[PDB]
Amino acid sequence: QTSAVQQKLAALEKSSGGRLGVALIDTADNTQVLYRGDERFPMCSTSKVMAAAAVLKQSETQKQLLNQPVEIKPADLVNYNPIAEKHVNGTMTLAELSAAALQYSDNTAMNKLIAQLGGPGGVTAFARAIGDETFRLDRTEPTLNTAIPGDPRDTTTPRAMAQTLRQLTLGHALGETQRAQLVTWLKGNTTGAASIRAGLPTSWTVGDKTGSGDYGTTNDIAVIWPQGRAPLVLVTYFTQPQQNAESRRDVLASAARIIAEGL
Ligand SMILES: *[B]([O])([O])[C][N]C(=O)/C(=N\OC([C])([C])C([O])=O)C1=[C]SC([N])=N1
Numbered sequence: 025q026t027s028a029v030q031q032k033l034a035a036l037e038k039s040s041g042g043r044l045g046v047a048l049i050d051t052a053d054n055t056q057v059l060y061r062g063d064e065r066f067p068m069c070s071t072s073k074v075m076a077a078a079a080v081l082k083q084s085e086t087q088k089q090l091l092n093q094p095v096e097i098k099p100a101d102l103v104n105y106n107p108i109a110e111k112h113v114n115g116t117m118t119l120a121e122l123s124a125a126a127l128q129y130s131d132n133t134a135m136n137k138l139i140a141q142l143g144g145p146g147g148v149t150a151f152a153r154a155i156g157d158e159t160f161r162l163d164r165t166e167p168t169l170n171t172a173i174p175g176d177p178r179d180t181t182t183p184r185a186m187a188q189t190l191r192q193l194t195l196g197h198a199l200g201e202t203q204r205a206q207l208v209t210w211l212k213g214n215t216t217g218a219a220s221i222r223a224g225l226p227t228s229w230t231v232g233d234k235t236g237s238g240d241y242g243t244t245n246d247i248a249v250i251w252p254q255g256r257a258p259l260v261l262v263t264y265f266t267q268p269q270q271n272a273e274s275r276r277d278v279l280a281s282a283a284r285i286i287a288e289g290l
């Protein structure tokens, strides 16, 4: 039970020196393609989709929540804050925080989403509420990116994340307006052109959230609207043996290319 596609992904992984995890859902026929689909990987910033979605869910019963100001203080800045540092000693709304977290991967923005949900466990609780029994968020930014091999903290599986991303962006885990907002945010991501998108035909529309961390952890989760067919959901996770390993977005592109060529 090893397909040509899975054999190619194994070949790619071997040449990469690291560990690769892939999960595809083709929503035309609901079929799946997985590679290490039930192994755990550090999420790094791909976890920001779950936090933003959790806040969107809260906004379904609070029409003004996304307009609520949140104070940003100097002490709130962490390792990567390109948007929040512009608002120090001021405020950002929860919408602005969601956009910054998703489209620029601002880590201070993520921490405010996590706080709005009552801590990392509030993010996990939302995951469980929408059927994901695998996701776990245990820490805030920036320590949730330590990505230590064998550490279960702040991990999920490719299979679980693909399923959840489908429910969030194409399914009914969120209200219609909230689903549309999440899709809009993902489609406007600034960080993804070298990752999954780089492996797919350019005519296709992609909405994604990247992740980066220690152990050269390089991730991307995407919803894809190909030319001429139903949407796809694709998760590509990659992590390496050495703590100081360099980013390998090319490996994610290569995985996406193999998946696309298998359609
Ligand atoms: B998320 O995974 O996109 C947040 N990423 C990080 O905090 C890390 N790097 O982010 C920048 C600075 C944008 C990058 O160079 O990829 C990070 C945390 S630990 C590590 N080695 N890099």
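According to the entry's author numbering, the stretch in the sequence shown is residues 25 to 57, 59 to 238, 240 to 252, 254 to 290, in order. Ideal Cβ placement from N, Cα and C applies to all residues, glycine included.
(request) Could you please give the first and the last residue of the uninterrupted beta strand (DSSP E) stretch that includes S237? (result) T230 to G238
(request) Mind reading off the beta-carbon distance from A124 to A109? Whole number of angstroms is fine, and I expect it under 8 Å. (result) Between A109 and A124 the Cβ distance is about 12 Å, and since that is not below 8 Å, they are no contact.
(message) Between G41, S40, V46 and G42, which has its C-alpha nearest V29's C-alpha?
(response) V46
(request) State the DSSP-derived secondary structure class of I286, mapped to helix, strand or coil. (result) helix
(message) Could you compute how far the alpha carbon of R153 sits from the alpha carbon of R161?
(response) 9 Å
(request) Please determine if the segment 276-284 and the segment 255-263 are in contact, where contact requires at least 3 C-beta pairs separated by less than 8 Å. (result) yes
(request) Compare the Cα-Cα distances from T189 to each of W229, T171, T209 and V249 and report the closest residue. (result) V249
(message) Considering Cα atoms alone, identify which of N136, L90 and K32 is closest to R164.
(response) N136
(request) For the alpha helix (DSSP H) containing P94, list its first residue and its last residue. (result) Careful: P94 lies outside any alpha helix (DSSP H), inside the beta strand (DSSP E) at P94 to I97.
(request) Go to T171, then tell me how far its beta strand (DSSP E) extends in each direction, as first and last residue. (result) Here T171 belongs to no beta strand (DSSP E), and DSSP marks it neither H nor E.
(request) Please report the residue range of the alpha helix (DSSP H) in which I221 lies. (result) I221 to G224
(request) Pull up the distance between the alpha-carbon of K212 and that of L81, whole angstroms please. (result) 17 Å
(message) Quick check on this structure: which residue in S84, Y241 and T209 has the alpha carbon closest to the alpha carbon of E273?
(response) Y241
(request) Could you check the C-alpha separation between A287 and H197 for me, to the nearest Å? (result) 26 Å
(message) I'd like to know whether the C-beta atoms of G236 and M68 end up nearer to each other than 8 Å.
(response) yes
(request) Write down the C-beta distance between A172 and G238 rounded to the nearest angstrom, noting that I regard them as a contact closer than 8 Å. (result) 4 Å
(request) Let me know the secondary structure DSSP gives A257 once reduced to three states. (result) coil
(message) Let's test the definition: count the other Cβ atoms within 10 Å of the Cβ of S220 and tell me whether it reaches 16, buried, or not, exposed.
(response) buried
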